[PDB]
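**Q**
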Amino acid sequence: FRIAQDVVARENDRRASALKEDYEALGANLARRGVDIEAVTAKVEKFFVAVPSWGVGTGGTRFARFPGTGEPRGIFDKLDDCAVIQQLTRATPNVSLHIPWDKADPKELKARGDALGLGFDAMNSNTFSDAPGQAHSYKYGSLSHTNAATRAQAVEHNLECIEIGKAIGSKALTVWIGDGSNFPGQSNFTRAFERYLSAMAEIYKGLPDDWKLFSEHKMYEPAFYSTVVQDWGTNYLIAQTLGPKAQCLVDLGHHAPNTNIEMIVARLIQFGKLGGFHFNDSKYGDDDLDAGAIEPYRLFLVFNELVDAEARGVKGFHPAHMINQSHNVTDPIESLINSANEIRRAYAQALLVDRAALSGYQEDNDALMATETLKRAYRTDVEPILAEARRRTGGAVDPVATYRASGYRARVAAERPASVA
Amino acid sequence: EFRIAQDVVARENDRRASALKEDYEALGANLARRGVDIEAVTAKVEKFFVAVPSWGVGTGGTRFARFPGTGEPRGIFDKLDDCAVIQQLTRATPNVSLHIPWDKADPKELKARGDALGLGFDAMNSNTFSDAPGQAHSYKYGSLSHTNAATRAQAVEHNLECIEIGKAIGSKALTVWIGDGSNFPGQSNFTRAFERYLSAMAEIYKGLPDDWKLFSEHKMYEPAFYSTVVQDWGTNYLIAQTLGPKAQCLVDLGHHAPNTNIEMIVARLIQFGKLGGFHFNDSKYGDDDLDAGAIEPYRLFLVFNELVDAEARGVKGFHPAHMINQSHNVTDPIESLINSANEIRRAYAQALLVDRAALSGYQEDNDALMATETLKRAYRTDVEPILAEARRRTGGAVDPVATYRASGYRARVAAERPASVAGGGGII
Amino acid sequence: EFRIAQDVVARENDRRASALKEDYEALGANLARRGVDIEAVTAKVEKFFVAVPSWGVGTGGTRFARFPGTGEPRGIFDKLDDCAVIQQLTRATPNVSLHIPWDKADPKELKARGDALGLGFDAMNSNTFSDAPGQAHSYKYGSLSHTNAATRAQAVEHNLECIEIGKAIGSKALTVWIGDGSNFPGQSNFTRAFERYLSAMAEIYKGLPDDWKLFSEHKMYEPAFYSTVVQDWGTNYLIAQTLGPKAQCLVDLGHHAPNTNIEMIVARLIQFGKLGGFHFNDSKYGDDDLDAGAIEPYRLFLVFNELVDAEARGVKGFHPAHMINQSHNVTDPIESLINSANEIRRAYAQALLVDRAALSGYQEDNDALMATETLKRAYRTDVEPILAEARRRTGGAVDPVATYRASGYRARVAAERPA
Amino acid sequence: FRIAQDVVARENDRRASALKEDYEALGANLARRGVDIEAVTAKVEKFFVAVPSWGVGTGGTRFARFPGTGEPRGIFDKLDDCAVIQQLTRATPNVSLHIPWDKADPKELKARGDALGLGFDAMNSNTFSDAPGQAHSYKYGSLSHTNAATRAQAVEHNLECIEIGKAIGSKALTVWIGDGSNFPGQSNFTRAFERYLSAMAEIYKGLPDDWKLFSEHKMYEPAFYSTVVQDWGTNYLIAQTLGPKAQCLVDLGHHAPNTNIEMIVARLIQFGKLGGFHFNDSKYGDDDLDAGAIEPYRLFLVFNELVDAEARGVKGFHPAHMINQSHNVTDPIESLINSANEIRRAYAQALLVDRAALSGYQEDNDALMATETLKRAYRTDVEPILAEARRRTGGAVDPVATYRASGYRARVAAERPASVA
Ligand SMILES: OC[C@H]1O[C@@](O)(CO)[C@H](O)[C@@H]1O
Ligand SMILES: OC[C@H]1O[C@@](O)(CO)[C@H](O)[C@@H]1O
Ligand SMILES: OC[C@H]1O[C@@](O)(CO)[C@H](O)[C@@H]1O
Ligand SMILES: OC[C@H]1O[C@@](O)(CO)[C@H](O)[C@@H]1O
Ligand SMILES: [Mn+2]
Ligand SMILES: [Mn+2]
Ligand SMILES: [Mn+2]
Ligand SMILES: [Mn+2]
Ligand SMILES: [Mn+2]
Ligand SMILES: [Mn+2]
Ligand SMILES: [Mn+2]
Ligand SMILES: [Mn+2]
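As given, the protein sequences belong to chains L, V, R and A, one line each in that order. Every letter in the first sequence is one number past the one before it in UniProt numbering, and letter 344, counting from 1, is 347. Every letter in the second sequence is one number past the one before it in UniProt numbering, and letter 53, counting from 1, is 55. Every letter in the third sequence is one number past the one before it in UniProt numbering, and letter 264, counting from 1, is 266. Every letter in the fourth sequence is one number past the one before it in UniProt numbering, and letter 71, counting from 1, is 74.
Printed below as a string of structure tokens:
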């Protein structure tokens, strides 16, 4: 146990009275609205989102990085920290790895995961940066590089990621690359995309029968003029071209200003290509902020599309969910905790939507009542539900308060040496 | 017929002939030093055409107000007469695009007037984003994707009627742009609305002749301010792919999100054979509908760079339907359309100057600087002499607007047509 | 008088009274646990008012079309009658904002009708962004900043006329929003046009009563699509500062560039004493004019957070004018305004819940996570019971739209008014 | 000379004939337009823009940095490369320094500058990153940090930058900080700004009589929710509050999408607070791409406002122009060369605008002809003017071509050790 059980119990007891009052009050209010709070709590306690191994360390920008104390020294320390997030929130049982950052003996990774009670989600390849001993640089691209040998090298890297994933329990590979151009004319849009498609086809051939390949679009950064996989339109063409095992990953902060992201989600679901999500929040660009910290309603609206899919009876719909954020000015563990909480919060509210009433208002084109129907769900403070779900599953009623009460950060700060060079 | 007296055209051409010859010869020499035959460029420019919107020769407005000018066209016939001026002077707009019901009239007459004016008819445009007098079902909450079956049927019928009018006048395509969408979260179920849209478009597709095309046009927002069914090229692609070989996508420059790389969308659609055509205009904030190239000329060039790259790589079966789609709120509509058509040919001509072999080399070598400089060498070239010479050699005007103003046309039609009144927009 | 039958209000209130009592008491206990007196919050909420736009009572439209509903108001008097319903049910919109010349009519009759309906009048709104019948000079190329002196003079005169009408009905402010700008580079000389605008506004300020305020409203674009004279808050501040103590800036939520941090603009103006007022609405793309809070409710809360913080910091003489400015294109204008007024009070109420002492501590300690969580604890709170009780206690409806629909008001006016 | 004189002469003679033809042809066309090409050329050869010392090194993003060969390390290597840009373009005689990056003995710096034929422009302070041994971290801010000691440290740093500048010939201090927040509530907008103003007042007090203090606004990055100096409105408030010696710096890529930047320039000029403009281009965010490579007309429109003011000589109008870009996929020197070229190109074209005709069309509200009057100047290919100006002043007809013919990059590659072969 990363966090002492007596600490969790103590903090849970300190807040048990208040939780009871709020939960029972919300329960009665929901009952009057025709909703069974127990049914919602039962679903909420089973909603999981993967935690990025690279998210437990402090992030930075191209201008600077300001590390905190006890930064994880490697993947094993990172898994130890991810275990804290899972123990306290019980919403992050799985971790997403990034290769080569997390490269290590698969048997050891697996052993450590099992020991901490953590599993592994989709693998993430890295051909947007150069690793030591690389025969070819990814400066001008990787999977879509003009140089055949460079693409070949990138393909082999992704295949290696699949080999690592198979050994630790992963069932998917997420591919995000920086490929694109910074100047008009630098790249031939079509030829670069064709090159990408050919390389991804090779990677697709390396997929086990029960695996999935997720391509992730991004409007810009690191490429500032054009990006090969720039939006969901190109992403759909990729997935449709590759095959049944290929789907699209939607990262909230990767879209043009004012984009209606929830519609993109609906469109991908309709055509069965919604592979998964990368949750985070933003205001300007790919800010990678704590999910829901900026626009909680938008997050709720994305979940509204996910829940509606269930209501509509969409088959075989199991999108992969992962948090993909950068924590530059907070304790990474605390931000991941509250971010996981916001995601469950939006999910819970989406479950409260009176779909029967909504379908009626949609058919009668009663726009005002249709939107108010969504608002009645979103406006509901579901914190008591999230807290109870945690209490029942061995988590903390107030995760961050319990984390702080445990003195974990100070503990690891004394155990881990900060990098000097 | 000649809306503009030939003597005025000749007079104004001779007046600038000397200067033109000097500039054309200078550019010709420079291009020769660059291994380019100015004549080959001029020859292609003379043959580049862009359709003019019948509704573009009238003064436009916003939801706040409309400030009509003098001699506003009363209907399609006055509009065709004004369009004839644009074609006569620029020689770049031989075809007009009709919008129904605005331009509803006897097909025979339209065709007859067009032939007399030397104008053809491009893509037909349907209108289910507004209600017409005596209309049975309102399009307030949608049309082709409306929840009410009867409303969708009515919209479908309207589009089929547009195809019937087009066949009678020589058109070979239908362009479908609707305002369908929602202003509030929850108001519409994104998927169901799209399913309804797809089903209705399928019915319209069934009414297409074997040599016709059906163009769906995406738009991020307006009139819908929360979600729009056909919101972007992604949804538009799904539409074209689902409907069939005769269905393609139309790209309107000002219908994209801020900072969108529009030239890439063009390339992607060309790659998958779904680039039906373009709707030219410029913008800075939203769907501003400004004069093409008046705000970002380089972007217009970059879009044409993609068009010429395909046109040069022998991309078979590549005949995108180009059209100007603008709103002229503070200029004489005819003058704006004239210079807009000019800017479009300008971007086209400059795209033709690009050393494709050199560019390809720099792309393969990842020489980003030289690759971008290769495009700039073409873009920086002032091709106005080629544009002016092309017009002169084809019966047009060296300086179209100067000739237009010298003719006194606006004053003339102003005397022939009834006066208009300014007013507010649909805001209230 | 009462637009909505008093028996319908009592009926629809009694129908929901039991549930409200349960929700209000539960919220009261929760807030009590948080050291907050729910009664204190409700008291402030029932005192929060926002003006309703006369031009928002009718169905709005776009440059593509207008789809009116039934019983559309024929003029300002019908609009006042409809505004009376909004106030009767929400009790949050006692004042109406007029727009001249759209609402031109005998000022004396307007006041009389207002007094009879229990409505007051907020800031007057001038209109030199469209031409009126018989107008000598067109505003096509601008108004207060038009190159033609006679046109600027005419625009100034119109604004003074707006002040005359306002003085007769009890208005104490003039809001000036114009479309002046250019659609093409070179069309206007940015600086000279602004110099002309400043000179014309100086004339208006000269004729401004000493018990009145003058609000200039910035907008990034529309109707001008290349440049706009009063394009942002920076230019707006220069205007207010140049004109004088009685001149301030009006912030319309949908008038800023994509991704702009609007709440910061609000803070900056307060700090320099130039925040005159707000035009509330919501949006996603441009100046969409949608129901307030319908798209981004947190942003609305964050704007009010700055307003409540101004009081907490001890800023003096801060009494911003609040006004709804929306276009209802696909809903019953009355229902949208009702729920919009409600959303504004909702954001206000939540801002009142922020533990200022705790927040200040987290800010001083740079505890970003707890600071944001402190705002969230307030924002996540469902204050609907407070809003409903406030309405109930002041003669309004527990559920405004439900009571409105039960009254059959729309069908009624649909029969009294043309098609 | 960094570049051999014989190479410059050789590459000039190779292009002299064609240049003669083009220059004469343009001179004739301009003559028919009532314009004297010589008057334009004389002004162009005198238009200078400062080159950033940090611009000659290869740039990167938060994801990766792909260095090229012969990367300059330290201010001395950088000055050596900056000299190349000045010798070939003759448009960048002054270099802008950044402290503590370019820290060195002032006398030695001044000596190296004089030897290379380079002067020194505005000094640039750095409190957006932590230097080793630093007593207080700038993680949560600098000049506006809540901690008094931290603000004092940032103030002292800025004063030290002025001291360094006074010793090498600089006459201004540019202050751009990352200060802001990533979460609502994290900062109190007003108190943070009050702290900033108070700290800047302390810096202002240390300014010599002939020095200027430039504050730079930026919408976002590194702060992703709010930034203290977020736009020109706040920037104007700062300059007006501080005093006559304080002005605002406008960086093209630091504005919200669709912003009309040329108007901001005009407004600042009208109120005498336009301190300078930092050139670069962009399409998405603060891309820091080569000036005019994405939107050359916008660059021309900015210069239209500058030239209109330069013609009349407005009070307080004496801009301190600098290039501020990041070269992630090109030879930094080549990009800086062509960027300086684009800046002079836009300046030259603005010089061609018929102000009298323009003024007329503006007064008559003839929008079409007004915009056409600007286009007639913009559509003019002034390359012959830029090339001749360089030829007459000791520069190269075709800078990049001459640069590549000299083999300079290969030369420094052999003198400077890369991290890896
Ligand atoms: O942290 C880098 C990750 O961020 C991205 O979203 C790119 O910004 C990709 O998913 C990468 O894996
Ligand atoms: O005038 C409306 C036209 O504008 C559009 O671009 C919609 O904005 C469509 O093409 C319509 O046909
Ligand atoms: O309805 C027009 C109003 O909208 C505006 O916000 C302009 O868009 C102004 O405030 C006007 O008064
Ligand atoms: O390289 C960092 C420079 O970039 C900036 O524009 C910040 O983006 C500032 O001017 C800094 O000096
Ligand atoms: Mn991602
Ligand atoms: Mn990302
Ligand atoms: Mn269009
Ligand atoms: Mn359009
Ligand atoms: Mn407004
Ligand atoms: Mn508005
Ligand atoms: Mn800068
Ligand atoms: Mn910058």
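Using N, Cα and C, we set each Cβ at its ideal position, and we do this for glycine too.
In the DSSP assignment, the beta strand (DSSP E) including A/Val178 goes from what residue to what residue?
**A** Residue numbering aside, residue 178 of chain A sits at position 175 when the fourth sequence is read from its first letter. Residues 175-178.
**Q** Could you tell me whether the Cβ atoms of R/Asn15 and R/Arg394 are closer together than 8 Å?
**A** Stepping through the third sequence from its first residue, residue 15 of chain R is reached at position 13. Stepping through the third sequence from its first residue, residue 394 of chain R is reached at position 392. It is a contact, given that the beta carbons lie within the stated cut-off.
**Q** What are the complete alpha helix (DSSP H) segments, minimum 4 residues, inside the region 78-135 of chain A?
**A** 78-92, 109-119
**Q** Let me know if L/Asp83 comes out buried or exposed under the rule of 16 or more other beta-carbons within 10 Å of its beta-carbon.
**A** As a first step, residue 83 of chain L must be located in the first sequence, where it is residue number 80. L/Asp83 should be labelled buried.
**Q** Against L/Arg65, what residues of chain A qualify as contacts under a CB-to-CB distance less than 7 Å, listed in chain order?
**A** Residue numbering aside, residue 65 of chain L sits at position 62 when the first sequence is read from its first letter. Ordered by position in chain A, the residues that pass the 7 Å Cβ test against L/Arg65 are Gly63, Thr64, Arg65.
**Q** Under a CB-based cut-off of 8 Å, is R/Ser329 close to chain L?
**A** Residue 329 of chain R sits at position 327 when you count from the first residue of the third sequence. Chain L, which has no Cβ nearer than 8 Å to the Cβ of R/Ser329, makes this no.
**Q** Straight-line CA distance for A/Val11 to A/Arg348?
**A** Against the fourth sequence, residue 11 of chain A aligns to sequence position 8. Against the fourth sequence, residue 348 of chain A aligns to sequence position 345. If you take the alpha carbons of A/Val11 and A/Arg348, they lie about 21 Å apart.
**Q** Using only the heavy atoms of ligand 5, determine whether one of them is closer than 7 Å to the beta carbon of L/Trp104.
**A** Along the first sequence, read from residue 1 onward, the residue named residue 104 of chain L stands at position 101. No; taking the cut-off as 7 Å, the Cβ of L/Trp104 has no heavy atom of ligand 5 nearer than that.
**Q** Could you name the residues that DSSP lists as bridge partners for R/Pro55?
**A** Here residue 55 of chain R refers to the residue found at position 53 when the third sequence is read from its first residue. In DSSP, R/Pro55 forms a bridge with R/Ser99.
**Q** Between L/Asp369 and R/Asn283, what straight-line distance do the alpha-carbon atoms span, to the nearest angstrom?
**A** Here the question's residue 369 of chain L lines up with position 366 in the first sequence. Here the question's residue 283 of chain R lines up with position 281 in the third sequence. Taking the straight line from one Cα to the other gives about 20 Å.
**Q** Can you tell me which residues fall inside 7 Å of ligand 11, judged by beta-carbon distance to its nearest heavy atom, and keep chain order?
**A** A/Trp179, A/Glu219, A/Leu252, A/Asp254, A/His257, A/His281, A/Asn327
**Q** If you follow the alpha helix (DSSP H) that A/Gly363 is in, where does it begin and where does it stop?
**A** On the fourth sequence, residue 363 of chain A is found 360 positions in, with the first residue counted as 1. First-last of the alpha helix (DSSP H) with A/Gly363: 358-366.
**Q** Can you tell me which of the three DSSP states A/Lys215 falls into?
**A** Position 212 of the fourth sequence holds residue 215 of chain A. Three-state DSSP puts A/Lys215 in a strand.
**Q** Any idea what DSSP makes of V/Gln243, helix, strand or coil?
**A** Start at 1 with the first residue of the second sequence, and residue 243 of chain V comes out as number 241. Helix at V/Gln243.
**Q** Are there 16 or more other CB atoms within 10 angstroms of the CB of A/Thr72, so buried, or fewer, so exposed?
**A** In the fourth sequence, the residue the question calls residue 72 of chain A occupies position 69. So A/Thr72 ends up on the exposed side.
**Q** Express the C-alpha separation of R/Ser201 and R/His160 in angstroms, rounding to a whole number.
**A** Position 158 of the third sequence, counted from the first residue, corresponds to residue 160 of chain R. Position 199 of the third sequence, counted from the first residue, corresponds to residue 201 of chain R. Approximately 15 Å, taken between the alpha carbons.
**Q** Does the Cβ-Cβ distance between L/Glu205 and L/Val268 come in under 8 Å?
**A** Working through the first sequence from its first residue, we reach residue 205 of chain L at position 202. Working through the first sequence from its first residue, we reach residue 268 of chain L at position 265. No. Outside cutoff.
**Q** Examine ligand 4 and report whether any of its heavy atoms sits within less than 7 Å of the Cβ of A/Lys286.
**A** As a working note, residue 286 of chain A is residue 283 in the fourth sequence. No, since every heavy atom of ligand 4 falls outside the 7 Å radius drawn around the Cβ of A/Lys286.
**Q** Helix, strand or coil for A/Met372, going by three-state DSSP, please let me know.
**A** Mapped onto the fourth sequence, residue 372 of chain A falls at position 369. Here A/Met372 sits in helix by DSSP.
**Q** Between the region 360-386 of chain V and chain L, which residues of the former have a C-beta closer than 7 Å to a C-beta of the latter?
**A** Under the 7 Å Cβ criterion, the region 360-386 of chain V contributes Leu361, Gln365, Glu366, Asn368, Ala370, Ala373, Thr374, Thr376, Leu377.
**Q** Using the Cα positions of L/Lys248 and L/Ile241, report the straight-line distance between them to the nearest angstrom.
**A** Taking the first residue of the first sequence as 1, we reach residue 248 of chain L at position 245. Taking the first residue of the first sequence as 1, we reach residue 241 of chain L at position 238. Cα-Cα distance, rounded: 11 Å.
**Q** Counting only Cβ pairs nearer than 7 Å, list the residues of chain R close to V/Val332.
**A** Stepping through the second sequence from its first residue, residue 332 of chain V is reached at position 330. Result: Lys142, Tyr143, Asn185.
**Q** The beta strand (DSSP E) that contains R/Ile326, what's its start and end?
**A** For the purposes of this step, residue 326 of chain R is identified with residue 324 of the third sequence, where counting begins at 1. R/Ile326 -> beta strand (DSSP E) spans 323-326.
**Q** Could you pull out every residue in the same chain whose Cβ sits closer than 8 Å to the Cβ of V/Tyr228, ignoring the five residues on either side in sequence?
**A** Counting from 1 along the second sequence, the entry for residue 228 of chain V is found at position 226. If we look at V/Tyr228 and ignore the five residues flanking it on each side, its Cβ neighbours are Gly183, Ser184, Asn185, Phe186, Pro187, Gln189.
**Q** On a CA-only basis, which of R/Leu146, R/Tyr239, R/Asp213 is nearest R/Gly168? Give me that one, please.
**A** For the purposes of this step, residue 168 of chain R is taken as residue 166 along the third sequence, with counting starting at 1. Of the candidates R/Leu146, R/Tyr239, R/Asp213, the one whose C-alpha sits nearest the C-alpha of R/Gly168 is R/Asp213.
**Q** Could you check whether the Cβ of L/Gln233 sits closer than 8 Å to any Cβ belonging to chain V?
**A** Locating residue 233 of chain L in the first sequence gives position 230, where the first residue counts as 1. At least one chain V Cβ lies under 8 Å of L/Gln233.
**Q** Taking the alpha-carbon positions, what's the V/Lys142 to V/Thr61 distance?
**A** Within the second sequence, numbered from 1, the residue matching residue 142 of chain V stands at position 140. Within the second sequence, numbered from 1, the residue matching residue 61 of chain V stands at position 59. Cα to Cα, V/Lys142 sits roughly 25 Å from V/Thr61.
**Q** Taking CB distances under 8 Å as the criterion, tell me whether V/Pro322 reaches chain L.
**A** Locating residue 322 of chain V in the second sequence gives position 320, counting from the first residue. Answer no: the Cβ-Cβ gap between V/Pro322 and chain L never drops below 8 Å.
**Q** Report yes if the C-beta of L/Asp289 is less than 7 Å from at least one heavy atom of ligand 6; otherwise report no.
**A** As a first step, residue 289 of chain L is located in the first sequence; it is residue number 286 there, counting from the start. Checking the Cβ of L/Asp289 against ligand 6 gives yes.
**Q** So with CB distances below 9 Å, who are the chain A contacts of L/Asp133?
**A** As a first step, residue 133 of chain L must be located in the first sequence, where it is residue number 130. Taking a Cβ-Cβ threshold of 9 Å, the residues of chain A close to L/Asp133 are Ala67, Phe69, in chain order.
**Q** CA-CA distance, L/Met222 and L/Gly363?
**A** Your numbering for residue 222 of chain L matches position 219 in the first sequence. Your numbering for residue 363 of chain L matches position 360 in the first sequence. Cα-Cα distance, rounded: 37 Å.
**Q** Beta carbon of L/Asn341, beta carbon of R/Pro260: below 8 Å?
**A** Position 338 of the first sequence holds residue 341 of chain L. Position 258 of the third sequence holds residue 260 of chain R. Their beta carbons are not under 8 Å apart, which means L/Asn341 does not touch R/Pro260 by this criterion.
**Q** Measure from the C-beta of R/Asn15 to each C-beta in chain L and report whether the shortest distance is under 8 Å.
**A** In the third sequence, residue 15 of chain R corresponds to position 13, counting from 1. It does not: the Cβ of R/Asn15 has no partner Cβ on chain L nearer than 8 Å.
**Q** Taking the alpha helix (DSSP H) that R/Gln8 falls in, what are its first and last residues?
**A** As a working mapping, residue 8 of chain R is identified with position 6 in the third sequence. R/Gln8 -> alpha helix (DSSP H) spans 8-35.
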